[PDB]
């Protein structure tokens, strides 16, 4: 019998029974319909095949199950999407991202300095959540003492994307957007008159095919970047480190061999899959991997399910930092492949290498059976992760 599940319900993704439900879907109905008839691609093959057919599986209806499209690149199809992405790509060239290494490392060291003397911290609150916020906030010109405000707006907006909000939460969402809009339009006006090397400056000057980003587009695209920056990577940092601590042979391998870190980051991404789904709207009736789909309905791409697909990943419930190949779909695939992937990987690398070296005897206070995941239908990971370690003095 099929699992009785609602794939638009955030409680499904907070359940540690989700992977059992995905396993059934992959073995019995790869393009699954949930208890409300919502279609979802559960196998790696079905996700890739949909990703590769953007004219049939469109982003232009919006990437959430019951919300309309917003005027931003992730809700656009080519050719318009390609121009928008090329414009925003000025902020994400390989050289610009790699050049952030020293500054990101400094933030990692400041955050570890704040807890290293204590011998205990909440890995989520004190390391995983603040590092990506500080990096993206610095790119956007946010004063350090205002990071919490931007993180609050980001939580409001990602909660809106992660659920079907009440009217009161709709109002909060609109208020947060209005505050972000006000701040960002001030930055745009200032950078136009006195350009710097910050993200808004680089985006203002970007030109492709004789076109530039409008103020409207700058607000929307930088907001997409803010929330990608501050709502996703945190969950790979916490949940990926959790797996290193649960399987101490994996922690020990990384401690003794820094050259294993790139493969470890990939396995942390495969395992944690912070983005649980993105939607595609059907542009025509189609028979897709055994399931009839109707023009105008949305189908979810279940990235965590694909990342645990035994047809692609041998023994997928084994966390193995050495896994090769590791062609996971945490960042998706195709036209919309995460623009921030290099930045996210760099943050994960720099914080993890410092955690391994500076907190070398790190351990979990209590095991996973009592560590909850955030209820959310879109992006999710650990709420809290208390950890202990031998104290050390700060680097300063």
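Residue numbers count along the first chain shown, from 1. Rigid core: the largest C-alpha set superposing within 1.5 Å between the two forms.
Student: When the core is superposed, where do the C-alphas shift more in 6 other deposited structures of this protein: in 126 to 134 or in 195 to 203?
Tutor: Larger mean C-alpha displacement, comparing 126 to 134 and 195 to 203 in 6 other deposited structures of this protein, is found in 195 to 203.
Student: Between 320 to 328 and 156 to 164, which has its CA atoms farther from the current form in 6 other deposited structures of this protein, using a rigid core superposition?
Tutor: After the core superposition, the stretch with higher RMS deviation in 6 other deposited structures of this protein is 156 to 164.
Student: Averaging C-alpha B-factors over each stretch, which comes out higher, 261 to 269 or 98 to 106?
Tutor: Going by the record's values, the stretch with the higher mean is 98 to 106.
Student: Once you work out the mean C-alpha B-factor for both 369 to 377 and 383 to 391 from the entry, which is higher?
Tutor: Per the PDB record, 369 to 377.
Student: Could you check 83, 292, 299, 74 and tell me which one carries the biggest Cα B-factor in the deposited entry?
Tutor: Out of 83, 292, 299, 74, the record gives the largest C-alpha B-factor to 83.
Student: Of 187, 233, 305, 326, which one's C-alpha B factor is largest in the deposited record?
Tutor: In the PDB entry, the greatest C-alpha B-factor among 187, 233, 305, 326 is found at 187.
Student: In terms of the CA temperature factor given in the entry, to which third of its chain does residue 354 belong: lowest, middle or highest?
Tutor: Middle third.
Student: Splitting the chain's C-alpha B-factors into thirds, which one does residue 342 fall into?
Tutor: As the PDB entry reports it, the C-alpha B-factor of residue 342 lands in the lowest third of its chain.
Student: Sorting by Cα B-factor within the chain, modelled residues only, which third would residue 125 end up in: lowest, middle or highest?
Tutor: Bottom third by C-alpha B-factor.
Student: Among the chain's modelled residues, which third holds the C-alpha B-factor of residue 362?
Tutor: Middle third of the chain for residue 362's C-alpha B-factor.
Student: Going by the CA temperature factor in the PDB record, which third of the chain does residue 191 belong to: lowest, middle or highest?
Tutor: Top third by C-alpha B-factor.
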